[PDB]
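Below you'll find only one chain, the form deposited in one PDB entry, shown as structure tokens.
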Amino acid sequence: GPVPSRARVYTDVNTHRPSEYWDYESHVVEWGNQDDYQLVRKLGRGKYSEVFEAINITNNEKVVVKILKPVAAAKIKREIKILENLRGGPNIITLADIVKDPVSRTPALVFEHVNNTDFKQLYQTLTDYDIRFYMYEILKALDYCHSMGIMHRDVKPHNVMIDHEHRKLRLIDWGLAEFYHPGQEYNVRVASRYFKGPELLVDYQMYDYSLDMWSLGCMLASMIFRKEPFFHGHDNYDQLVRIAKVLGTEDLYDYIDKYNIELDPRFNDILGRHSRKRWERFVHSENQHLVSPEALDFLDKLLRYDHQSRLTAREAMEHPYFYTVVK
């Protein structure tokens, strides 16, 4: 069968912890007072939640309330525990409270409010400097959660809240996040289509933090090339074909060979044969001011089939692309 894989950083962080850190099922929630929060406006609906702007009437500060659906099948406890474990980390959304919603009767998570324009609305208008600046801020969040034994598994523009006026960023929606345990096989039905790593698309379950670095690379490519999304698959199958048209098929087949993966036979009729395109093929008059040799080398080192070969978040922060950003 498939050959096993282990993360090359933060491999055993959870194994050394007391079980309370990662055994989210045994976590006992401390409840706040639902009357502290008055709902202001409906912001939108998640797959398992509904999200509202609200006011904390005890300090009159804006907050956001995420009321979870009872269809969660025990997944509420995981998100709560992960949010509490990561609270205070750089650029991690702050869980301010947990209350029991009086109408739905499910847990409602209370977050700090971010005066964002949501990143997907903004990330196609940024200057070269601002792409580098905000990418570095996202990397602070990812290295923090990875170093804490957690993979986000849903990195995408919608899940990065950016207050562009104040140049502040928060990584949100930890509802798909999971604790990394070496040797564990995970569900591949995570992340959003355009940001899914090759490991998910080829059904390789023993993945790790490096999944988030693929998703980050997809965001970077969309920003520097002004192409939304960069890999524009019509479904999960065509998604891998779109990747192969850029990265080539012989490296894909080498990845499959290395991990002893049984490629879904459906790919035989759609993958074709493709050679890697040099990154300069995607440069044009409208995006060339966002492209530099450093940007292309950095992207090249994120968007690799082999999850063990991609830059880690800390390696990424060391890259020359960020030498221009004030630290």
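Start at 1 and count along the sequence shown; that's the residue number. Only residues modelled in both forms are compared. C-alpha atoms forming the largest set that superposes within 1.5 Å between two forms make up the rigid core.
The form deposited in another entry exists for this protein as well; it is not shown, and the discussion that follows is about that form.
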Kindly specify the one residue in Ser104, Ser192, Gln121, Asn115 whose Cα moves by 2 Å or more between the shown form and the other one, with superposition done on the rigid core. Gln121
Align on the rigid core first; then say whether the Cα of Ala72 has moved by at least 2 Å between the shown form and the other one. yes
Is the CA-CA spacing of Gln121 and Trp174 tighter or wider in the other form than here, given a 3 Å or more change? farther
Closer or farther apart in the other form, the C-alpha atoms of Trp214 and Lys120, for a change of 3 Å or more? farther
Moved regions between the shown form and the other one after rigid core superposition (C-alpha shift of 2 angstroms or more, 3 or more residues per run) are 71-74, 117-121, 123-125
